[PDB]
Structures are given as structure tokens and as C-alpha cells.
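Given next, in C-alpha cells, is a single chain: the form deposited in one PDB entry.
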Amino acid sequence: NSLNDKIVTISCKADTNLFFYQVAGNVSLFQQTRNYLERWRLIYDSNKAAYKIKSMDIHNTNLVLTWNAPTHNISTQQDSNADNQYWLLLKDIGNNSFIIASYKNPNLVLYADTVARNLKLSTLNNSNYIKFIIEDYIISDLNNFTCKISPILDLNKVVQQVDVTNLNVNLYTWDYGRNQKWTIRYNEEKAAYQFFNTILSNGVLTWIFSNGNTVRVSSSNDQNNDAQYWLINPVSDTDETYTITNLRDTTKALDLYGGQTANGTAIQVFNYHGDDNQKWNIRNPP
């Protein structure tokens, strides 16, 4: 009842670059795609105390992870609420990973064949092949993600640090420079993100609260400064639009000054109102 209805990615503890991937009834292991092919909704049944693992496939919407008894094979099939479609999510504490056991037959658990790139059922052992990382899909897509960030008022412009020594942050036309790219990293303890500018090694986007609403890049060797961390909240029904609020004061949102689009326009924080000048597209640099 804390994972219920959550949308997640599932990857292998044995090979963290491999994710559960679904298409047309087949489940395989595949590199990160950051899309619905690797997304799953966990659906809790309180009576069984077990979960269905439903594919977020956009064409077939009723597909769930299914053990093909009596074989050891796994597939996705139409949800009929069968026992071979339910799974126990057992968290290995201290290892931050899950064993996923069949509810139908808990002697058997999911096993990742990293060489065949698929899944089967197996009895238990102490290897990482039966351990899985289950992560909120936003965190999974954004963590360690190198991106450009644009106001939705002008998707041709981006948020940039001015240059290696001018740590100011403004809006400018996209020119593929490293000062215009940010690597997002998630902090598990803080449950919040930092934006590292790629022109510097340890420079993060920061609310300079001792100076009103100013934001600038500053060194991340300021250990316990919440002003350096942000919540990234998806905007409904979009794939790449977010609001970005500050961990120090979550009423404070990343804000394009006045909603102006001119080169050099200030990026700041401002009281959250959720207008279009506080919405951002986070995208792959082309």
C-alpha cells in the first residue's frame, strides 16, 4: 500500500544497464529507453498481499507479467487476475534491491538471464541474478541524465551558465555548448535532485537566498545547503514538462523572469503559481 499504483522501471542488480522491456506479449532485458516500453504499474491486492505488474504499453493496455506454468518462462498476458499473474515484492534491506517471488508458487522467483537477455523463474540462491532495482520512473529517467532545459514559452532557448567563470544563469539560444547542458543527479537521502552544469566538475544550480530570488551556479562542496537541491515534478499529460521547486522552500519555483524570452533574460526563483513561465522542458540534447 506504498507501492500501490506506482509506476516504476525494473532493472537488474546483476546488470544495472538492463531493464524489463515489454512489447507484444514478450518480456526481455534491454538498455534504458526512458519510455513506456520499460514502465510498469504495480497494482496491490490486499487480500493476497501481492502485486500485479502491469505494462504501460500504449497499444495493449491490459498486459501483466505472467508466469507460464508449468514451464519456467515469463511473458505478459491479458490480465485475468490469475495467481500466476501475482508477485510478492520482497525488499532485501541493506541491499536496496528486490526479490520478486511468484505468488502462485513462492518457491520460485524471477531470475535475470543477462546473456539471453530475458527472464525466467528459478529457485533461490545468493546471486544478484534474482535481485532487481525497482524505481519510480521519473527518478529512473532523470537520474544521471544529461539534458538541456528550456522554458515552454520558447523551446529554442535554454537555461545556461554564462561561462566557466561567470556563474550567473540566464536564458539563451541553444548553441550546443557545455555551459548549456546539465547532468541531473538524484540524492536518495535528501529525496531531491541537483543540476550539475557540464562546463564545471562540481557546480550546481543554486538558489542564492541571501540575495532575494537570485539563482546561480555554485560549488557543491557546500555540503548541507538545501538551497542546492530541487524537486522535479512532472506536469500532467506531458512527457518532458516539469515544474522545479527548491528543497529549502518548496513554495519557491524555478521561474523565467516576467516570462520574457529575450536572450539574457534572468532565471530566478519565485513564489509558485504554476503559470507557463514556471514550466520547463527537460530534454535530450540533439
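Between two forms, the rigid core is defined as the largest C-alpha subset superposing within 1.5 Å. Each residue number is its position in the shown sequence, starting from 1.
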* **265 to 273 versus 18 to 26 - which carries the larger mean C-alpha B factor in the record** => 265 to 273
* **Between the two ranges 121 to 129 and 198 to 206, the one averaging a larger CA B factor in the entry** => 198 to 206
* Structure fact -> Max C-alpha B-factor within the set 255, 45, 57, 222 falls on 222
* Looking at 83, 136, 175, 79, which has the biggest Cα B factor in the entry? -> 175
* Structure fact -> Binned into thirds over the chain's modelled residues, the C-alpha B-factor of residue 146 lands in the middle
* To do: Within this chain's modelled residues, let me know which third the CA B factor of residue 191 belongs to: lowest, middle or highest.
  => highest
* Asked: Of the three thirds of its chain by CA temperature factor, lowest, middle or highest, which one includes residue 61?
  -> highest
* Taking the entry's C-alpha B-factors for this chain, is residue 153 in the lowest, middle or highest third? -> highest
* To do: Determine, from the deposited record, the chain-internal third of the Cα B-factor for residue 244: lowest, middle or highest.
  => middle
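There is another form of the same protein, the form deposited in another entry; it is not shown, and what comes next is about it.
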* Asked: Does residue 122 move its CA by 2 angstroms or more between this form and the one not shown when the core is aligned?
  -> yes
* Did residue 201 shift 2 Å or more between this form and the one not shown, C-alpha, core superposed -> no
* Structure fact -> Checking the C-alpha spacing of residue 149 and residue 58, a student should find that in that other deposited form it changes by 3 angstroms or more, with the atoms farther
